[PDB]
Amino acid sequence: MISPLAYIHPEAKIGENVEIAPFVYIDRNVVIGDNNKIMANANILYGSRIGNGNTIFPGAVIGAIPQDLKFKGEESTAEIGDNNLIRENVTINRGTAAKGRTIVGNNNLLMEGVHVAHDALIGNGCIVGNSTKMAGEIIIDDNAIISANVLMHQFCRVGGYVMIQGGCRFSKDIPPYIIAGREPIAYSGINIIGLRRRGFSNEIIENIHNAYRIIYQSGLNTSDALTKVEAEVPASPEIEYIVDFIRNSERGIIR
């Protein structure tokens, strides 16, 4: 199960039922859980923390030092949870002193060439398309869908259930449940396909849609819009999430 043509530092901690292919390189100060599959020519570097049930494809590089020139050799980690699919040549750099941990959650698919920068946070259940670049200290909430070649600026946040269209770029927050597309990026309606696939009721979908008609299409500033959403849209956890996300948005939200 562990190929003798892998390089595995004696100090690496490796769980049970782990398959390691030839030409895998595993450093010291590495923790790997159970039921992982690490394919040929992958690199698991100093500071990596891997959970259970993941598949790491050829050429993936987990734990390299930050690309941030402010890095000065401080201790940090690069972490993934359980049941993720980490495709070919995906890079997940370890953290900087700004946070100290780059973290990916559970049940994500990071397609080939995806980059996860120092101190980034990915939740659970996300799909991130080919060669998308997530810059320093970003946050992706659960259940987001990001297409290929997306550029997410540092410090931004993406809400749950969004679909970001391929090739888009953005340097503001993207609030939950929306489609973000075009150049420059813009609110492009609700992710109705995603929400219907996930079994959201037509009524909840319509409420979400009405909240965003208020936010984006009623000529109201952000405070007034959120007031009106709170007054006029039948309340539910989904509507509270919209409101809370926007009200506390660190960057502001996209147009």
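In case it trips you up, residue 1 is the first one in the sequence shown, and so on.
For the segment pair 25-33 and 190-198, the entry gives 190-198 the higher mean B-factor, averaged over Cα atoms. Comparing 176-184 with 68-76, the stretch with the higher mean C-alpha B-factor in the PDB entry is 68-76. Per-chain ranking of the deposited C-alpha B factor places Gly63 in the lowest third. The PDB entry assigns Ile246 a C-alpha temperature factor belonging to the lowest third of its chain's modelled residues.
Sort the chain's modelled residues by C-alpha temperature factor and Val162 lands in the highest third, per the entry.
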